[PDB]
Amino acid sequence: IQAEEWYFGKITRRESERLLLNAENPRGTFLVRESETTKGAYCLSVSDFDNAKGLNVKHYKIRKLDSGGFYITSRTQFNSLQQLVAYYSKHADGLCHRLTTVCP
């Protein structure tokens, strides 16, 4: 997945929030990183805006099933990470915002 624009590898949770939390960035700017402590998991980081908290980053753990697939909820699972990203770019389904822009 190294070659996917949205994959930032092993940046920490804090570093993903420093990258994402920028006022030039739209709601739904996102990146995927390898989870910092859970081994074999990915994490989807999405900026979001709430009146109160202002801009903040939500983090959703992505698990990989034994057969290979990926999921965030029981609603949909994906044969690959790129399919998950493609799906959520069009359908938020429970995430805070549709994935609009890859982290610059």
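Residue numbers here begin at 1 and follow the sequence given. For clarity, a rigid core is taken as the largest C-alpha set superposing within 1.5 Å between two forms.
Stretch comparison, 25 to 33 versus 49 to 57: after rigid core superposition, larger RMS CA deviation in 7 other deposited structures of this protein is found for 49 to 57. A summary of the deposited B-factors shows that, of 74 to 82 and 28 to 36, the stretch with the larger mean C-alpha value is 28 to 36. The mean Cα B-factor in the deposited entry runs higher for 14 to 22 than for the other of 88 to 96 and 14 to 22.
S67: CA B factor in the highest third of modelled residues in this chain (values from the PDB entry). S45 sits in the lowest third of its chain by CA B factor, as recorded in the PDB entry.
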